[PDB]
Amino acid sequence: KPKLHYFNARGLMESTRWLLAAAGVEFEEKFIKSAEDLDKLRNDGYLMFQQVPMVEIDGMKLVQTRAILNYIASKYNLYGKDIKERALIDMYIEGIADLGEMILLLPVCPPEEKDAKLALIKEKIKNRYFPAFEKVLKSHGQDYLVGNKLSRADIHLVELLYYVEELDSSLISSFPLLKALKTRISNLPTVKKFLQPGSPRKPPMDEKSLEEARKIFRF
Amino acid sequence: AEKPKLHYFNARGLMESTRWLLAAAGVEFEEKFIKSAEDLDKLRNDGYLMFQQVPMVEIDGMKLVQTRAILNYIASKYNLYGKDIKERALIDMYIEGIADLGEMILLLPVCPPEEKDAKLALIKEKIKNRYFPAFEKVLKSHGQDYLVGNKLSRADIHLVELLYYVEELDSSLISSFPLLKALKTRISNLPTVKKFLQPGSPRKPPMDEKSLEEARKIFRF
Ligand SMILES: CCCCCCSC[C@H](NC(=O)CC[C@H]([NH3+])C(=O)O)C(=O)NCC(=O)O
Ligand SMILES: CCCCCCSC[C@H](NC(=O)CC[C@H]([NH3+])C(=O)O)C(=O)NCC(=O)O
């Protein structure tokens, strides 16, 4: 089974949790709880750049979120049929990641910058990102983003939709095809299982969990 | 049928690694330089930019935005992305490390003036203590001339590009890393990369204050 080394939070690992779950792959987590737990990983030679996420998979120890994701996507045939399809996938999921990163640093930003950053994100979802993905879907009228077939792009997008919902349930309301995709993907047996109570899916980061991160990652 | 066309402003920015990679692959390309916010607006209105941003590259009859999408496609097309999934993961791991350090360096002139000095010091420490030791360790592990699969890949190209940037930053930083210095020399001597380093190539200079003002106007920040 793949083993995920991270702290007990969404952070940089949650999209890996989603992708693995969506692929039907059972994994294990080893939760880092302290600065010393992290330092033990570092000491033991487990972390190429002294950082997590790190995933032990197929007998090697992989750091770098995108390295982890690309490998899993390829392995479980969720990265398209060919390099042209991979190009569409990569374009879409990099837009999703840009938005995702913004949503992630929300509580980590200075408190005096939080309001402006939230307003900015909302505007980008409204005017930039949702129109772009709605456009792709309305272009080919198909149930999936690429190749008329489940890909990581669908998984990464729907994950994002859940985060946007948490922010403001109205943001999606003028994008019927995004709403429909959320529903379809969420009803896929693997994803439906991951969405159920008690799965490895992680909650939004609260103030205590942020406090933990500051201790573990020294910031 | 048509050479790739790179849409960006006349500056390194987010396009420089693509310029390096295409040149290293031996691929002639064209550039269409954005001069103003109006030029970027025209791209947006023409429907050429999926997220209303550049870098954008027209290659093989399609428009690609997102630096990583562009690079991934190029690397795969020209067999600079490893021979299998495991080699790809090594490559990805290395180049994402490189990306992290490169962004730190890129965003240095856009730090508020009072944060500028402490940030630099932190960059030097991470170069010395974190990044250069990792890559020196890889080179030492196998003793081969290339990072991955004993064959040229995008990892060698991305890393050597960064070595040149670090040299601009502080020529002393590479000093205790002999294998890194050796990689830089060998890669610089490959016919394609040699041509790219010569005067007059599409390789772009370090970004100066006035270029950065051009970016503030074009990209409205
Ligand atoms: C907003 C919630 C906070 C999320 C937790 C912080 S991520 C922890 C941090 N890891 C990274 O920044 C890895 C970035 C890398 N580019 C990747 O994508 O994997 C780390 O190990 N830091 C230790 C170090 O760099 O020294
Ligand atoms: C240190 C300053 C260096 C100048 C670099 C400017 S990059 C310009 C900017 N592009 C992006 O942020 C693209 C990000 C994207 N994630 C990618 O990798 O391609 C843009 O088009 N912005 C316009 C917009 O987003 O509206």
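Any value given below was found using the heavy atoms of this structure, including those in side chains, with hydrogens, waters and symmetry copies removed. Chain letters run A, B, ... following the sequence lines, proteins first, then strands; residues in each count from 1.
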Worksheet item: Do the ring centers of B:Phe33 and B:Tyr8 come within less than 6.0 Å of each other?
Response: no

Worksheet item: Taking atom types as modelled, is there a side-chain donor on A:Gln64 or B:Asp100 under 3.5 Å from an acceptor on the other?
Response: yes

Worksheet item: Which atom pair, heavy atoms only, marks the closest approach of B:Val138 to B:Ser141?
Response: O-OG, 2.7 Å

Worksheet item: What are the two closest non-hydrogen atoms of B:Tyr73 and B:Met62, and how far apart are they?
Response: CZ-CE, 3.3 Å

Discussion item. Walk me through whether A:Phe27 and A:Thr16 qualify under side chain to side chain contact (heavy atoms under 4.5 Å, CB included).
Written reply: CA-CA 10 Å; A:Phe27 55 87; A:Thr16 293; over 6 Å; no

Discussion item. Measuring from atom NZ of A:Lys81 to atom CD1 of A:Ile89, what distance do you get when rounded to the nearest 0.5 angstrom?
Written reply: 11.0 Å

Discussion item. I need the B:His158 NE2 to B:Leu163 CG distance, nearest 0.5 Å.
Written reply: 13.0 Å

Response to the item:
The side-chain hydrogen bond (donor to acceptor under 3.5 Å, both in side chains) partner of A:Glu56 among A:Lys61, A:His5, A:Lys30, A:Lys1 is A:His5

Fill in: Contact check, side chains of B:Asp208 and B:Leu212, non-hydrogen atoms, under 4.5 Å
no

Item to complete: Look at B:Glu28 together with B:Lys3 and state whether they make a salt bridge at an N to O cut-off of under 4.0 Å.
Response: no

Response to the item:
Correct closest heavy-atom pair for A:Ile72 and A:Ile57 would be CG1-CD1, 4.1 Å

Item to complete: Consider only side-chain N and O atoms of A:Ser15 and A:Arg152, and report whether a donor and an acceptor are under 3.5 Å apart.
Response: no

Worksheet entry | Neighbour count >12 (heavy atoms, 6.0 Å) for atom NZ, B:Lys137 | no

Discussion item. Does this structure show an ion pair linking A:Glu166 with A:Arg10, if we count only N-O contacts that are shorter than 4.0 Å?
Written reply: yes

Item to complete: Could you tell me which non-hydrogen atom of A:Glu85 sits nearest to which non-hydrogen atom of A:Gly80, and how far apart they are?
Response: OE1-CA, 3.4 Å

Worksheet entry | Beyond-backbone contact of A:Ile121 with A:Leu99, side-chain heavy atoms, under 4.5 angstrom | yes

Worksheet item: What heavy-atom pair brings A:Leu19 and A:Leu69 nearest, and what distance separates the two atoms?
Response: CD2-O, 3.8 Å

Worksheet item: Under 4.5 Å between any side-chain heavy atoms of B:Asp145 and B:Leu152, yes or no?
Response: no

Discussion item. If I compare all heavy atoms of A:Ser74 with all of A:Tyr79, which pair ends up nearest, and what's the gap?
Written reply: OG-CD1, 3.3 Å

Fill in: Ion pair A:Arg66/B:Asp92, N-O distance below 4.0 Å
no

Worksheet item: With B:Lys204, which of B:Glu161, B:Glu16, B:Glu31 fulfils salt bridge (charged side-chain N to carboxylate O under 4.0 Å, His left out)?
Response: B:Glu31

Worksheet item: With a cut-off of 6.0 Å (strictly less than), are more than 12 heavy atoms of other residues, nucleotides or ligands near NZ of A:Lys33?
Response: yes

Worksheet item: If only atom types and distance count, is the side chain of A:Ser209 paired as donor or acceptor with the main-chain N or O of A:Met205 below 3.5 Å?
Response: no

Discussion item. If you count every heavy atom of other residues, nucleotides or ligands that lies below 6.0 Å from A:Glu113 atom CD, does the total exceed 12?
Written reply: yes

Fill in: Pair A:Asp44 + A:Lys40, salt bridge at N-O below 4.0 Å
yes

Worksheet item: Is any side-chain heavy atom of A:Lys114 closer than 4.5 Å to a side-chain heavy atom of A:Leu106?
Response: yes

Worksheet item: Are the side chain of B:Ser153 and the backbone N or O of B:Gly149 linked by a donor-acceptor pair below 3.5 Å?
Response: no

Discussion item. Would you compute the distance between atom CG of B:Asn10 and atom CD1 of B:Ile34 and round it to the nearest 0.5 angstrom?
Written reply: 11.0 Å

Discussion item. Working to the nearest 0.5 angstrom, can you tell me the gap between B:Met56 CE and B:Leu64 CG?
Written reply: 9.0 Å

Worksheet entry | Carboxylate-amine/guanidinium proximity below 4.0 Å for A:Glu211 and A:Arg214 | no

Item to complete: May I ask you to check whether over 12 heavy atoms, not counting those of A:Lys192, lie within 6.0 Å of atom NZ?
Response: no

Fill in: Other residues, nucleotides, ligands: >12 heavy atoms within 6.0 Å of A:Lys75 NZ
yes

Worksheet item: Is there a donor-acceptor pair closer than 3.5 Å between any side-chain N or O of B:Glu136 and the backbone N or O of B:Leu180?
Response: yes

Worksheet item: Just by distance, do the side chain of A:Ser186 and the backbone of A:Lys182 share a donor-acceptor pair under 3.5 Å?
Response: yes

Fill in: Heavy-atom side-chain proximity of B:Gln53 to A:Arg128 below 4.5 angstrom
yes

Discussion item. Would you say the ring centers of B:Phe135 and B:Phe177 fall short of 6.0 Å from each other?
Written reply: no

Discussion item. With a 3.5 Å distance limit and no angle check, can you tell me whether A:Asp154 reaches the backbone of A:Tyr144 through a side-chain donor-acceptor pair?
Written reply: no

Discussion item. Rounded to the nearest 0.5 Å, what separates atom CE in B:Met104 from atom CG in B:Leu120?
Written reply: 12.5 Å

Fill in: Ion pair check, A:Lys84 and A:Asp82, cut-off under 4.0 Å
no

Discussion item. Under the criterion side chain to side chain contact (heavy atoms under 4.5 Å, CB included), I'd like the reasoning laid out for B:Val193 against B:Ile157: C-alpha separation, chi angles, the key distance, then a yes or no.
Written reply: CA-CA 9 Å; B:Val193 175; B:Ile157 304 319; 4.0 Å; yes

Worksheet item: Should B:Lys128 and B:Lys124 be marked as a side chain to side chain contact (heavy atoms under 4.5 Å, CB included) after you check the CA-CA gap, both sets of side-chain angles, and the distance that decides it?
Response: CA-CA 6 Å; B:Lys128 268 172 295 141; B:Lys124 292 188 169 184; 4.1 Å; yes

Discussion item. Is any side-chain heavy atom of A:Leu4 closer than 4.5 Å to one of A:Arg17?
Written reply: yes

Practice prompt. Answer yes or no: is there a donor N or O on one side and an acceptor on the other, between the side chain of B:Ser175 and the main chain of B:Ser172, under 3.5 Å?
Written response: yes

Fill in: Side-chain heavy-atom pair B:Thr67, A:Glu94 within 4.5 angstrom cut-off
no

Item to complete: Determine the interplanar angle of the A:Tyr162 and A:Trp18 rings, folded into 0 to 90°, and report it as parallel if under 30°, tilted if 30 to 60°, perpendicular if over 60°.
Response: tilted

Discussion item. Please check if the number of heavy atoms outside A:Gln196 that lie under 6.0 Å from its CD is greater than 12.
Written reply: yes

Worksheet item: Okay, side chain of B:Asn189, backbone of B:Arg186: is any donor-acceptor separation there less than 3.5 Å?
Response: no

Item to complete: Take A:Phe7 and A:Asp37 through the side chain to side chain contact (heavy atoms under 4.5 Å, CB included) test and state the conclusion after the steps.
Response: CA-CA 10 Å; A:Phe7 77 128; A:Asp37 286 342; over 6 Å; no

Worksheet item: Between B:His142 and B:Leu147, is there a donor-acceptor pair closer than 3.5 Å when you use the side chain of the first and the backbone of the second?
Response: yes

Fill in: Any donor-acceptor N/O pair, A:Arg42 side chain to A:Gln50 backbone, under 3.5 Å
yes

Worksheet item: Under 4.5 Å between any side-chain heavy atoms of A:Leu47 and A:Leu38, yes or no?
Response: yes

Discussion item. Nearest 0.5 angstrom please: A:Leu41 CG to A:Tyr46 OH, how far?
Written reply: 8.0 Å

